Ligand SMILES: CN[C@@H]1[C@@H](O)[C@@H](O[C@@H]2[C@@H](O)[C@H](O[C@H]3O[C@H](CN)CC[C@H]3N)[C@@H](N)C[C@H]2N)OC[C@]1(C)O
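Below you will find one chain, with nothing else, as structure tokens; this is the form deposited without this ligand, and questions on how it binds or moves follow later.
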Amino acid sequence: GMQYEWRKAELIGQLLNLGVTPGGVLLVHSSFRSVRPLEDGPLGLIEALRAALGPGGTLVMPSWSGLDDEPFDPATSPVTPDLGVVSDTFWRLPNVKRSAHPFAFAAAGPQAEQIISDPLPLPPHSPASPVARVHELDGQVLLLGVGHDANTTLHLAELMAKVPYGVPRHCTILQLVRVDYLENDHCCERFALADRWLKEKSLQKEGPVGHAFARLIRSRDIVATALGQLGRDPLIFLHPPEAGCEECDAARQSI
């Protein structure tokens, strides 16, 4: 009811207290519904993120469409509604770059060109994808009002582990020429296991940003931790057949 509208300067303080590194690279998965209400809305949250990073920092967000039948255009193609209003708002602002493939990210800062430059990666989160360019630049991953099921960097860890499962997906690029690949996609619910893995090793910082429960982990810690669990169980992220997950049993089928 009478919830507090967070000011921009307050959000910067929360982000610094959470542990965001000024001048660093920060990949942010967000749900604005969790952070809301704020004064000045989603742009205010973006301005707070950019201010916490400072002029040397680079802010990165997912920015893909999800439409496998439609070609992607970095100038008009909207972000899928599942990534939130902040992601769909970030890429439209001035001087923020965007990848030129349907699995795009958006980045603004002195490092945006390096994180965005790569062509279409198959699977979408391969070692040649923006999520890997954040990892090689020692970036931070901010989970803003979302769980680890949205931690895209975990998908990169599956690919680096050479994970056995791979279901066929597809997309469209202009040369309507369908491009199918083998992706490691599932319900992603079991990604929440990484929460206990990381927090217990003291690798996950937790705190409030706005009204949201926020989690901040170094991208290298996400990959290194997950690679150890994947090295013990390549199917650690797969629901057992007992749980009867339709999205997970499909990945089990394709070896």
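One rule holds for the numbers: they count along the sequence shown, beginning at 1.
- The deposited sequence places no unmodelled residues between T76 and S77, so the chain runs continuously there.
- The question of which stretch, 184 to 192 or 26 to 34, has the higher mean Cα B factor is settled in favour of 184 to 192.
- On average the C-alpha atoms of 224 to 232 have higher B-factors than those of the other stretch, with 47 to 55 and 224 to 232 being the two compared.
- Within the group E200, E206, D69, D40, the record's highest C-alpha temperature factor is found at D69.
- Set against one another, the Cα B-factors of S117, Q140, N151, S87 in the record reach their highest point at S117.
- Per the deposited record, the Cα B-factor of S219 falls in the lowest third when ranked against the other modelled residues of its chain.
- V146: CA B factor in the lowest third of modelled residues in this chain (values from the PDB entry).
Keep in mind that the form solved in complex with this ligand is missing from the display, and what follows is about it.
- The candidate stretches are 223 to 231, 33 to 41, 182 to 190, 205 to 213, and the one lying within 4.5 Å of this ligand in the entry with it bound by heavy atoms is 182 to 190.
- Contact here is defined as any heavy atom lying within 4.5 Å of this ligand in the entry with it bound, and by that definition each of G66, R169 and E247 is a contact residue.
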